[PDB]
Amino acid sequence: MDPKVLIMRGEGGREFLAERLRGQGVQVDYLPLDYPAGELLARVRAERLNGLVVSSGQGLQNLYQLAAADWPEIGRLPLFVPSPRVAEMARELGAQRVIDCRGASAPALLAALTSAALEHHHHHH
């Protein structure tokens with residue numbers, strides 16, 4: 001089980017967060033928030049991303065803008081937030097599944113990824 005996750009640029013160190021997920025057997029790719037709208041959606045579909053990580057509310061907002069008309073679809077994926085406050089931001093946007101990692105440990109997050117993927121199979125028969 002090697003789920004894929006996309007990292008949004010933030011005040012924190014991209015290298016640090018990515019290293020952690022990689023050590024637990026997760027495939028990591030990071031995108032700078034300067035990419036133009038539409039790119040977010042295409043990457044999610046082609047790479048079949050399991051989860052998305054945001055360092056801060058600012059990153060989250062950028063995600064929404066890039067999602068553009070396809071936000072309804074993108075919002076389906078599990079979003080990892082660092083703090084309760086950030087989690088609230090995700091909820092207000094309409095994020096269908098919001099995950100708070102402040103209390104959940106890194107390995108716990110890994111478990112969340114695998115569980116969510118199981119649901120994907122159900123949709124298709």
# chains A, B, ... in the order shown; residues from 1 in each chain; ligands from 1
$ select_by_dssp --residues "segment 27-116 of chain A" --states "alpha helix (DSSP H)" --output "PyMOL selection string"
chain A and resi 39-47+57-67+71-74+84-93+106-116
$ write_last_selection --atoms "N, CA and C atoms" --output "short mmCIF file (atom, residue, chain, number, x, y, z; two decimals), in the first residue's frame"
data_model
loop_
_atom_site.label_atom_id
_atom_site.label_comp_id
_atom_site.auth_asym_id
_atom_site.auth_seq_id
_atom_site.Cartn_x
_atom_site.Cartn_y
_atom_site.Cartn_z
N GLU A 39 -4.65 23.16 -13.39
CA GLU A 39 -3.56 22.21 -13.17
C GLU A 39 -3.86 21.30 -11.98
N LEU A 40 -4.47 21.86 -10.94
CA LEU A 40 -4.76 21.09 -9.74
C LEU A 40 -5.64 19.89 -10.09
N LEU A 41 -6.70 20.14 -10.85
CA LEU A 41 -7.66 19.08 -11.16
C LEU A 41 -7.02 17.98 -11.99
N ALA A 42 -6.25 18.37 -13.01
CA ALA A 42 -5.66 17.40 -13.91
C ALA A 42 -4.71 16.48 -13.16
N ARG A 43 -3.88 17.05 -12.29
CA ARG A 43 -2.92 16.26 -11.53
C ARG A 43 -3.64 15.25 -10.65
N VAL A 44 -4.72 15.67 -10.00
CA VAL A 44 -5.44 14.79 -9.09
C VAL A 44 -5.97 13.57 -9.84
N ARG A 45 -6.56 13.81 -11.01
CA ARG A 45 -7.18 12.73 -11.77
C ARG A 45 -6.14 11.75 -12.32
N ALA A 46 -5.11 12.28 -12.98
CA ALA A 46 -4.12 11.43 -13.64
C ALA A 46 -3.30 10.63 -12.62
N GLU A 47 -2.87 11.30 -11.56
CA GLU A 47 -2.08 10.62 -10.53
C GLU A 47 -2.94 9.78 -9.57
N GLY A 57 -4.24 27.86 6.23
CA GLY A 57 -5.46 28.33 5.58
C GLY A 57 -5.16 28.95 4.22
N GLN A 58 -4.03 29.65 4.11
CA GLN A 58 -3.68 30.32 2.86
C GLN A 58 -3.57 29.30 1.73
N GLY A 59 -2.88 28.19 1.99
CA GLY A 59 -2.76 27.14 0.99
C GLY A 59 -4.13 26.61 0.61
N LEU A 60 -4.98 26.39 1.61
CA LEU A 60 -6.31 25.84 1.37
C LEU A 60 -7.08 26.71 0.38
N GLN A 61 -7.01 28.02 0.58
CA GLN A 61 -7.72 28.96 -0.29
C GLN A 61 -7.22 28.83 -1.73
N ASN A 62 -5.90 28.74 -1.88
CA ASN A 62 -5.32 28.56 -3.21
C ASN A 62 -5.85 27.30 -3.87
N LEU A 63 -6.02 26.24 -3.09
CA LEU A 63 -6.54 24.98 -3.61
C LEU A 63 -7.90 25.20 -4.25
N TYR A 64 -8.75 25.95 -3.55
CA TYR A 64 -10.10 26.20 -4.02
C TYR A 64 -10.07 26.91 -5.37
N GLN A 65 -9.24 27.95 -5.47
CA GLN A 65 -9.17 28.74 -6.69
C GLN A 65 -8.72 27.90 -7.87
N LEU A 66 -7.71 27.07 -7.65
CA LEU A 66 -7.20 26.20 -8.71
C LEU A 66 -8.23 25.14 -9.11
N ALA A 67 -9.01 24.66 -8.14
CA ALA A 67 -10.06 23.69 -8.41
C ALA A 67 -11.06 24.24 -9.42
N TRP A 71 -14.41 22.07 -8.27
CA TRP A 71 -14.32 21.93 -6.82
C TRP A 71 -15.21 20.80 -6.28
N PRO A 72 -16.46 20.68 -6.68
CA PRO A 72 -17.32 19.55 -6.21
C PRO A 72 -16.62 18.19 -6.25
N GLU A 73 -15.85 17.93 -7.30
CA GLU A 73 -15.17 16.64 -7.43
C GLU A 73 -13.95 16.58 -6.52
N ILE A 74 -13.12 17.62 -6.59
CA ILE A 74 -11.88 17.65 -5.83
C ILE A 74 -12.15 17.52 -4.33
N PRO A 84 -7.17 22.56 14.37
CA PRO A 84 -8.66 22.66 14.35
C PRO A 84 -9.13 23.84 13.49
N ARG A 85 -8.48 24.99 13.65
CA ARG A 85 -8.88 26.18 12.91
C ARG A 85 -8.84 25.94 11.40
N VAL A 86 -7.74 25.35 10.93
CA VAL A 86 -7.62 25.04 9.51
C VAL A 86 -8.73 24.08 9.08
N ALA A 87 -9.04 23.11 9.93
CA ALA A 87 -10.10 22.16 9.64
C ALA A 87 -11.42 22.88 9.38
N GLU A 88 -11.70 23.89 10.20
CA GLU A 88 -12.92 24.67 10.04
C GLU A 88 -12.96 25.34 8.67
N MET A 89 -11.82 25.86 8.23
CA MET A 89 -11.75 26.51 6.92
C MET A 89 -12.17 25.53 5.83
N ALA A 90 -11.67 24.31 5.91
CA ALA A 90 -11.98 23.29 4.92
C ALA A 90 -13.47 22.98 4.91
N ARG A 91 -14.07 22.91 6.09
CA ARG A 91 -15.49 22.60 6.20
C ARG A 91 -16.33 23.67 5.51
N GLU A 92 -15.99 24.94 5.74
CA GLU A 92 -16.77 26.04 5.18
C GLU A 92 -16.77 25.99 3.65
N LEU A 93 -15.65 25.59 3.06
CA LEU A 93 -15.57 25.45 1.61
C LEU A 93 -16.49 24.35 1.08
N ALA A 106 1.41 10.65 12.78
CA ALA A 106 1.77 10.37 11.39
C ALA A 106 1.31 8.99 10.93
N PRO A 107 1.66 7.91 11.61
CA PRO A 107 1.22 6.55 11.17
C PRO A 107 -0.30 6.43 11.11
N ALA A 108 -0.98 7.12 12.02
CA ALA A 108 -2.44 7.13 12.00
C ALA A 108 -2.95 7.69 10.68
N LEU A 109 -2.33 8.77 10.22
CA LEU A 109 -2.71 9.37 8.95
C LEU A 109 -2.55 8.37 7.81
N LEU A 110 -1.48 7.59 7.86
CA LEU A 110 -1.24 6.56 6.84
C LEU A 110 -2.43 5.60 6.78
N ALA A 111 -2.91 5.21 7.95
CA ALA A 111 -4.06 4.31 8.03
C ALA A 111 -5.28 4.95 7.37
N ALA A 112 -5.47 6.24 7.61
CA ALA A 112 -6.61 6.96 7.04
C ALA A 112 -6.58 6.90 5.52
N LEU A 113 -5.40 7.07 4.94
CA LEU A 113 -5.25 7.04 3.49
C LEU A 113 -5.75 5.71 2.94
N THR A 114 -5.26 4.62 3.52
CA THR A 114 -5.59 3.30 3.02
C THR A 114 -7.09 3.02 3.12
N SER A 115 -7.70 3.43 4.22
CA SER A 115 -9.13 3.21 4.42
C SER A 115 -9.95 3.94 3.36
N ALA A 116 -9.60 5.19 3.09
CA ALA A 116 -10.34 6.00 2.12
C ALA A 116 -10.28 5.37 0.73
#
$ residues_around --residues "residue 31 of chain A" --least-positions-apart "4" --cutoff "8 Å" --atoms "only C-alpha atoms" --output "number ranges by chain"
A: 6-9, 35
$ residues_around --residues "residue 52 of chain A" --least-positions-apart "2" --cutoff "8 Å" --atoms "only C-alpha atoms" --output "MDAnalysis selection string"
chainID A and resid 5:8 49:50 54 77:80
$ write_last_selection --atoms "N, CA, C and O atoms" --output "short mmCIF file (atom, residue, chain, number, x, y, z; two decimals), in the first residue's frame"
data_model
loop_
_atom_site.label_atom_id
_atom_site.label_comp_id
_atom_site.auth_asym_id
_atom_site.auth_seq_id
_atom_site.Cartn_x
_atom_site.Cartn_y
_atom_site.Cartn_z
N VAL A 5 0.15 11.38 -2.32
CA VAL A 5 -0.35 12.64 -1.76
C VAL A 5 0.36 13.85 -2.38
O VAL A 5 1.55 13.81 -2.70
N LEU A 6 -0.41 14.92 -2.53
CA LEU A 6 0.12 16.17 -3.08
C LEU A 6 0.28 17.20 -1.96
O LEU A 6 -0.61 17.37 -1.13
N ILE A 7 1.42 17.89 -1.96
CA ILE A 7 1.70 18.88 -0.93
C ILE A 7 1.50 20.29 -1.48
O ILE A 7 1.95 20.60 -2.58
N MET A 8 0.83 21.13 -0.70
CA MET A 8 0.70 22.54 -1.05
C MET A 8 1.75 23.37 -0.32
O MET A 8 1.96 23.20 0.88
N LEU A 49 -4.74 10.65 -6.89
CA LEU A 49 -4.28 11.01 -5.55
C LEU A 49 -5.23 10.48 -4.48
O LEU A 49 -6.45 10.48 -4.65
N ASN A 50 -4.65 10.03 -3.38
CA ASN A 50 -5.42 9.55 -2.24
C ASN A 50 -5.71 10.70 -1.28
O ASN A 50 -6.81 10.77 -0.72
N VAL A 54 -2.40 20.46 3.43
CA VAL A 54 -2.22 21.92 3.45
C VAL A 54 -1.54 22.36 4.73
O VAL A 54 -1.94 21.98 5.83
N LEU A 77 -11.90 14.26 -1.96
CA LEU A 77 -10.69 13.62 -1.46
C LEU A 77 -10.41 14.02 0.00
O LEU A 77 -10.78 15.12 0.41
N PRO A 78 -9.78 13.17 0.79
CA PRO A 78 -9.42 13.53 2.20
C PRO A 78 -8.43 14.69 2.27
O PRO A 78 -7.36 14.64 1.66
N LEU A 79 -8.77 15.72 3.02
CA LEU A 79 -7.86 16.84 3.24
C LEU A 79 -7.26 16.78 4.64
O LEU A 79 -7.98 16.70 5.63
N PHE A 80 -5.93 16.84 4.71
CA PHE A 80 -5.23 16.87 5.99
C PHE A 80 -5.01 18.31 6.43
O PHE A 80 -4.41 19.10 5.69
#
$ atom_distance --atom1 "atom CA of residue 33 of chain A" --atom2 "atom CA of residue 94 of chain A"
20.5 Å
$ select_by_dssp --residues "chain A" --states "strand (DSSP E or B)" --output "count of residues only"
19
$ closest_residue --among "A:125, A:97, A:4, A:76" --to "residue 24 of chain A" --atoms "only C-alpha atoms"
A:4
$ atom_distance --atom1 "atom CA of residue 22 of chain A" --atom2 "atom CA of residue 105 of chain A"
14.9 Å
